[PDB]
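Student: Below are the structure tokens for one structure; questions will follow.
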Amino acid sequence: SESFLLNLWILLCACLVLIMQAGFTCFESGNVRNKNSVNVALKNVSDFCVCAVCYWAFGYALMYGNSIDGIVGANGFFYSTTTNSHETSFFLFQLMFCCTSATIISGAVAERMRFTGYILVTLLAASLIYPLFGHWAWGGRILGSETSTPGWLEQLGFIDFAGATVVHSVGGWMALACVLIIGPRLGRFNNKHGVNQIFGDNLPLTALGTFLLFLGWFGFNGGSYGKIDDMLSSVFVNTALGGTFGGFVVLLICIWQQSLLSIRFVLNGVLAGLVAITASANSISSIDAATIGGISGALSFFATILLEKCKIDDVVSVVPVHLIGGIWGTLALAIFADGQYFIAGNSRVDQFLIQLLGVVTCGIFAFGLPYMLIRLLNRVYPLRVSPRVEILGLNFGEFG
Amino acid sequence: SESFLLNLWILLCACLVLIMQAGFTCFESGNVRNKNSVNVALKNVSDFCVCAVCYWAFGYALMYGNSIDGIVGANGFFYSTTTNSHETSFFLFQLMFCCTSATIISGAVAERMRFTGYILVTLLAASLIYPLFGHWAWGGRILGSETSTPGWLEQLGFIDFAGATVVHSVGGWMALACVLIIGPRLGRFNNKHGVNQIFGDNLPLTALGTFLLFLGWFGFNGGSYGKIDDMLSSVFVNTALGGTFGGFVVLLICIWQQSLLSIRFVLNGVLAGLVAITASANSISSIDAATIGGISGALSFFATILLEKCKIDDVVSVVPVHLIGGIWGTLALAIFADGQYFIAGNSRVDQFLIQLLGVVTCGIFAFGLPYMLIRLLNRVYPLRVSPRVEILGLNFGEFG
Amino acid sequence: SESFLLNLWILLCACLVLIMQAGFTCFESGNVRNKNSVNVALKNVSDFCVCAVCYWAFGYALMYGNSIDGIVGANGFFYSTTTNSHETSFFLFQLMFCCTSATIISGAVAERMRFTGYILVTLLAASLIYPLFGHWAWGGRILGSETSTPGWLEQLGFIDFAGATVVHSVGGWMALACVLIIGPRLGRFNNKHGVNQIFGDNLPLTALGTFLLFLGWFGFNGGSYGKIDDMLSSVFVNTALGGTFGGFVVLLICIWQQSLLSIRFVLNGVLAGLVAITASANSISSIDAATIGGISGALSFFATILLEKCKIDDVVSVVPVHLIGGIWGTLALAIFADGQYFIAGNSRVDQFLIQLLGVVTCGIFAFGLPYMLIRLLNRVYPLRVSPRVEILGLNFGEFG
Ligand SMILES: [Cl-]
Ligand SMILES: [Cl-]
Ligand SMILES: [Cl-]
């Protein structure tokens with residue numbers, strides 16, 4: 001039966017996506033202080049299970065089900081059986097994407113968000129924000145379907161190969177809302193323009209985590225390809241170049257400017273390069289992959305510094321990596337991608353405009369609505385830990 | 001040639017099984033104190049090599065060779081060549097299973113078992129217990145054989161898709177024998193009903209380890225499927241749901257009862273869910289996978305507390321995860337599995353009875369015989385470290 | 001299209017090779033002191049990105065391009081498009097090999113080499129040494145080419161299945177040059193024959209790293225196979241036996257001689273066994289894989305002790321593992337490999353002689369030339385950190 005190879009491919013790609021969970025756990029846990037080390041681990045596994053349960057129970061239905069009004073899908077609840085012989089593999093892969101998007105959120109708020117806060121934000125992400133935006137961008141993109149209808153953004157021509165916007169930007173916007181609402185760590189910023197660095201206690205784990213993320217990204221992009229043809233290997237090369245030029249560019253910056261704890265920035269550079277090529281890995285050349293990735297690295301470095309100037313404390317640099325990288329990648333698609341991947345009646349300017357409309361829509365929905373709901377939640381159920389718990393650390397203070 | 005795809009699948013699944021070794025190393029090492037950190041690592045790599053050598057030299061022969069009397073197989077020693085074009089891939093995968101079962105044993109006895117004790121218990125597991133029980137349950141299940149004869153349990157109808165009993169229960173029973181014989185850590189229990197917690201010093205590594213185990217489990221189940229058809233992806237979905245509902249259920253328990261160091265229990269919940277679906281991933285629905293996994297999570301939580309009440313010190317909760325999860329999964333198969341996977345002349349009651357006979361046989365052989373031999377060994381070659389070595393830690397005390 | 005399965009195989013094997021990067025990071029970082037922990041991580045990610053950029057930009061061209069004079073290839077710069085439907089997958093896999101070879105170098109010089117020194121040595125490796133030796137040994141071995149010409153060593157009959165010489169020996173020779181030039185750590189050796197051990201502070205990570213390397217090695221060997229046939233699974237079995245007998249033999253030595261911190265040696269044994277079978281995994285029996293791997297383990301143990309006697313400080317034992325294992329594997333091919341894999345007009349003696357010529361050529365070029373250039377560089381740009389930085393540690397002293 002023909003359908004075997006593609007199913008096996010998707011299943012293996014889904015496995016690689018799951019290693020990104022290990023990667024996030026390591027990346028975050030090494031960027032935090034020992035007194036907070038256990039919290040990050042509990043949240044990463046807990047967040048995963050919650051997200052999976054939600055996506056299985058109804059998130060897949062909302063995102064990929066037949067569209068009632070075009071807002072939201074309305075079938076595929078408690079996913080089990082299908083007549084589409086690619087759908088089960090696809091469901092598993094898409095479940096891993098949902099888990100990715102939500103996991104992304106949690107690294108920004110480290111060292112001062114209460115545990116039940118991670119859970120409630122994860123619920124919001126998995127239940128509403130991710131599947132709804134998902135439907136609008138990718139609602140019609142069901143592997144092996146005969147019967148599918150495009151989401152409204154998708155129909156206007158919005159392109160996102162593997163989720164620079166759908167996964168990465170959605171996570172990043174929600175992370176930005178979270179850090180603005182809970183506020184900066186004690187001791188991070190002082191009085192006028194004072195910025196103290198707070199360094200993780202297990203930074204080798206952050207390099208392990210960077211390599212695990214990089215590995216998982218091959219599955220992330222490779223499993224989104226929708227088929228097999230002789231151009232699949234070009235998605236892999238472009239993934240490798242995106243990440244490596246992201247890091248290499250930051251390395252050049254960093255040698256030049258003699259950055260202290262340069263390890264944080266080069267590692268984030270790699271991740272930003274990977275995020276940026278996620279929109280377009282299938283539609284660009286190797287030179288353009290290097291270019292897009294490299295620029296994303298540079299953007300991540302400058303965005304990190306900008307956030308500090310704004311007194312926003314994003315512990316692992318979710319916003320510089322995922323949000324700025326994801327916006328950059330989504331727009332860059334219009335600039336660099338071979339025009340044959342666009343709508344026939346779209347020029348590069350037309351593609352730029354719809355990529356931008358997607359970016360803006362994502363910001364309004366994934367920053368705007370969470371910002372309002374999380375601010376509401378926080379008035380009646382404070383999300384920041386007590387000063388005592390922050391000082392002593394979530395390990396002893398929160399988890400005894 | 002047709003046989004290529006299945007061979008490549010098995011080889012990749014075997015690779016995933018090997019990442020479970022990394023996962024066990026991290027899971028255990030994070031649950032132990034720094035003064036013992038090196039011991040756990042030395043034992044994990046050492047145990048692997050010993051087990052592999054044994055399985056290659058003769059364990060495969062005993063487990064899968066043509067059956068002399070039905071007790072034990074008697075060909076395939078020093079495995080090299082075959083006329084079965086699937087046998088070499090299969091041998092490698094089965095070798096990784098043997099290594100899995102033995103590795104499982106070692107986390108229960110942490111912080112007070114002498115190194116050479118791990119080695120001798122590993123020898124017992126790999127040489128006798130695992131391959132013999134293996135033969136009885138799976139002796140006929142040689143990928144691509146024309147000529148095979150079923151083991152006696154297998155012949156009566158005993159079902160175990162990927163080893164809830166064969167791998168997980170066997171390891172767990174041997175772990176239980178080991179902890180009973182070496183006894184509890186100093187400072188764990190006091191006088192009447194006193195229970196002191198002893199917490200690991202690198203618990204982020206235990207989350208890394210949980211994700212690596214979860215990833216490896218896809219290979220563990222996927223490589224046991226015996227073929228490819230369009231239902232393979234359902235084994236993957238059921239694996240994902242088993243693990244995630246295991247963790248999710250414990251999370252619900254834990255929020256409710258406000259558990260201290262909840263991270264230990266949610267992580268074990270995930271592993272218990274995975275163990276439970278290992279018996280039946282190919283024969284149940286997605287809803288039943290969630291159900292079986294979820295119940296396994298709950299059982300693991302309550303079993304953990306029960307063992308403490310019995311003053312049994314199982315450091316990483318091998319028995320709650322692997323043994324209680326494995327027994328539960330093996331019995332649950334009769335309750336939930338589609339009856340088409342049973343013998344034609346078996347009802348659910350008949351299947352329940354043979355699943356139970358398998359459970360009991362496993363306990364008698366894998367707990368009973370090791371308990372007796374290890375107790376004998378311990379009289380003449382004490383397996384517990386000296387109090388000085390336990391207090392100072394196996395790193396300095398044992399490994400200088 | 002037929003070419004799909006092999007491409008997917010190569011891409012997945014390349015993914016496994018990338019996990020070796022994670023493995024090296026863990027292996028080295030656990031063998032170093034906490035005060036140096038961050039440096040090792042920064043160097044591992046930085047080294048990767050640099051190597052990738054070089055290999056993409058021109059290293060692939062030098063190594064695999066059409067041969068101008070036979071010294072060096074001269075096309076394939078900024079690799080992008082091809083008419084060979086296997087070439088892109090191959091390029092990615094070969095890029096990961098180049099990164100492997102260079103990464104290997106860096107663990108020997110830990111705790112006292114300046115960061116910019118790692119970068120400059122990496123540039124030398126990736127720009128000149130690896131691709132040029134690569135061309136001579138493997139220049140004609142382009143997956144799916146019709147038009148290829150063999151490198152001069154290759155033409156004489158030099159065999160190296162996956163790079164015991166090309167990857168491992170090249171890295172090891174360059175590592176040896178580096179440690180001789182920067183010299184031993186402060187406090188390592190004293191006066192006459194005094195040897196103080198300096199132990200890593202996170203040795204559990206070195207076991208994680210050993211398992212990740214072992215896993216990646218399946219991809220390393222499997223992706224070098226050049227095709228699919230029914231003997232591919234035998235390369236996997238031989239990989240498993242090589243590594244496990246390497247460790248098992250050292251375990252036997254170590255129990256016997258009661259080695260302190262035995263974990264370091266057994267782990268290195270496993271890696272040495274894997275390195276040794278890298279030359280011949282496709283051409284030997286399972287018994288010979290065990291034999292070659294086992295001997296490599298023993299050699300690694302004795303080489304470790306020898307280097308200490310010579311007052312050479314190789315922190316993670318790169319030279320005992322990669323160089324001594326790689327030389328041993330390359331020569332062992334002549335001894336054990338089925339003669340059908342040789343040139344028709346070559347006996348075992350003829351094969352021995354060309355394997356030896358390859359070994360010697362590699363030493364002259366990959367030790368001799370780097371030794372001279374790095375010694376020159378060091379006169380004008382000292383590669384060793386200041387005593388203050390070594391004592392305080394590269395984390396604070398170098399990275400603030
Ligand atoms: Cl935190
Ligand atoms: Cl221990
Ligand atoms: Cl260093």
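Note on naming: chains are A, B, ... as they come in the structure tokens, residues start from 1 per chain, ligands start from 1 in the order shown.
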Could I get the residue neighbourhood of ligand 1 at 6 Å, counting only C-alpha atoms and all ligand atoms, as a PyMOL selection string?
Tutor: chain A and resi 36+39-40+110-112
Student: Please identify every residue of chain C that has at least one atom no more than 7 Å from any atom of chain B, counting only C-alpha atoms, and report them as a PDB file with C-alpha atoms, in the first residue's frame.
Tutor:
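Below is the file that was written, part34.pdb:
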```
ATOM      1  CA  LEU C 203      29.741  12.960  35.497  1.00  0.00           C
ATOM      2  CA  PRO C 204      26.086  11.789  35.087  1.00  0.00           C
ATOM      3  CA  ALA C 207      26.867   8.918  30.742  1.00  0.00           C
ATOM      4  CA  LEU C 208      23.950  10.734  29.067  1.00  0.00           C
ATOM      5  CA  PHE C 211      24.360   7.042  25.244  1.00  0.00           C
ATOM      6  CA  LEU C 212      23.612   9.965  22.877  1.00  0.00           C
ATOM      7  CA  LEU C 215      22.656   6.391  19.410  1.00  0.00           C
ATOM      8  CA  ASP C 230      19.365  -6.805   3.007  1.00  0.00           C
ATOM      9  CA  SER C 233      20.925  -4.428   9.488  1.00  0.00           C
ATOM     10  CA  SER C 234      24.337  -6.139   9.930  1.00  0.00           C
ATOM     11  CA  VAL C 237      24.394  -5.145  14.894  1.00  0.00           C
ATOM     12  CA  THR C 244      29.225  -2.845  24.004  1.00  0.00           C
ATOM     13  CA  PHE C 245      32.366  -5.012  23.817  1.00  0.00           C
ATOM     14  CA  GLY C 247      32.823  -1.055  27.404  1.00  0.00           C
ATOM     15  CA  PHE C 248      32.594  -4.696  28.577  1.00  0.00           C
ATOM     16  CA  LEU C 260      39.307   4.572  40.781  1.00  0.00           C
ATOM     17  CA  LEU C 261      36.689   6.632  38.900  1.00  0.00           C
ATOM     18  CA  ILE C 263      33.238   5.386  35.041  1.00  0.00           C
ATOM     19  CA  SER C 285      31.075 -10.578  11.075  1.00  0.00           C
ATOM     20  CA  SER C 286      29.373 -10.053  14.446  1.00  0.00           C
TER      21      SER C 286
END
```
Student: Pull the alpha helix (DSSP H) assignments for stretch 290-387 of chain B out of DSSP run on the backbone, and list those residues as a PyMOL selection string.
Tutor: chain B and resi 290-309+318+324-336+348-362+369-380+387
Student: Output C-alpha atoms for every residue in the selection just made, as a compact mmCIF listing (two decimals), in the first residue's frame.
Tutor:
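And here is the file that came out, result.txt:
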```
# COMPACT_ATOMS: atom_id res chain seq x y z
CA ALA B 290 -6.62 7.39 27.75
CA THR B 291 -8.60 5.35 30.24
CA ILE B 292 -5.99 2.62 30.79
CA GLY B 293 -3.17 5.19 30.98
CA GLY B 294 -5.09 7.46 33.34
CA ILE B 295 -5.96 4.61 35.72
CA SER B 296 -2.28 3.51 35.62
CA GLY B 297 -1.25 7.02 36.68
CA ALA B 298 -3.62 6.93 39.64
CA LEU B 299 -2.42 3.42 40.59
CA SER B 300 1.19 4.59 40.49
CA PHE B 301 0.42 7.47 42.86
CA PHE B 302 -1.38 5.22 45.37
CA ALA B 303 1.19 2.44 45.04
CA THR B 304 3.97 4.93 45.86
CA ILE B 305 2.25 5.86 49.09
CA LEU B 306 1.51 2.18 49.93
CA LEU B 307 5.17 1.16 49.55
CA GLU B 308 6.20 3.88 52.02
CA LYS B 309 3.61 2.57 54.48
CA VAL B 318 10.15 1.23 39.82
CA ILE B 324 1.92 -2.07 39.08
CA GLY B 325 1.61 -0.40 35.65
CA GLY B 326 2.64 -3.59 33.92
CA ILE B 327 0.20 -5.86 35.87
CA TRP B 328 -2.57 -3.34 35.33
CA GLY B 329 -1.83 -3.11 31.59
CA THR B 330 -1.64 -6.91 31.14
CA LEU B 331 -5.05 -7.44 32.83
CA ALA B 332 -6.62 -4.37 31.24
CA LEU B 333 -6.01 -5.96 27.85
CA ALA B 334 -8.81 -8.47 28.62
CA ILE B 335 -11.15 -5.71 29.69
CA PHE B 336 -10.71 -3.26 26.82
CA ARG B 348 -13.19 -11.82 27.69
CA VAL B 349 -13.42 -14.00 30.79
CA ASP B 350 -11.15 -16.65 29.18
CA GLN B 351 -8.73 -13.89 28.13
CA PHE B 352 -8.83 -12.43 31.65
CA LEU B 353 -7.89 -15.82 33.09
CA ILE B 354 -4.90 -16.35 30.78
CA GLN B 355 -3.69 -12.76 31.25
CA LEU B 356 -3.88 -13.47 35.02
CA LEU B 357 -2.05 -16.78 34.70
CA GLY B 358 0.70 -14.84 32.88
CA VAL B 359 0.85 -12.22 35.66
CA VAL B 360 1.09 -14.87 38.34
CA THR B 361 3.66 -16.96 36.44
CA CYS B 362 5.78 -13.87 36.00
CA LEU B 369 13.47 -17.26 42.03
CA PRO B 370 15.53 -13.98 42.14
CA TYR B 371 14.34 -13.40 45.71
CA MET B 372 15.75 -16.80 46.71
CA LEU B 373 18.99 -16.54 44.73
CA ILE B 374 19.74 -12.93 45.69
CA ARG B 375 19.05 -13.70 49.35
CA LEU B 376 21.57 -16.60 49.04
CA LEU B 377 24.14 -14.42 47.29
CA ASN B 378 23.71 -11.71 49.94
CA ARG B 379 24.50 -14.13 52.83
CA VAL B 380 27.99 -14.79 51.39
CA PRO B 387 27.15 2.52 56.53
```
Student: Given only C-alpha atoms as the basis, pick out the residue of B:236, B:133, B:173, B:214 nearest to residue B:154.
Tutor: B:133
Student: Could you please determine the separation between atom CA of residue C:109 and atom CA of residue A:264 in Å, to one decimal place?
Tutor: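 Answer for the atom CA of residue C:109 to atom CA of residue A:264 separation: 22.3 Å.
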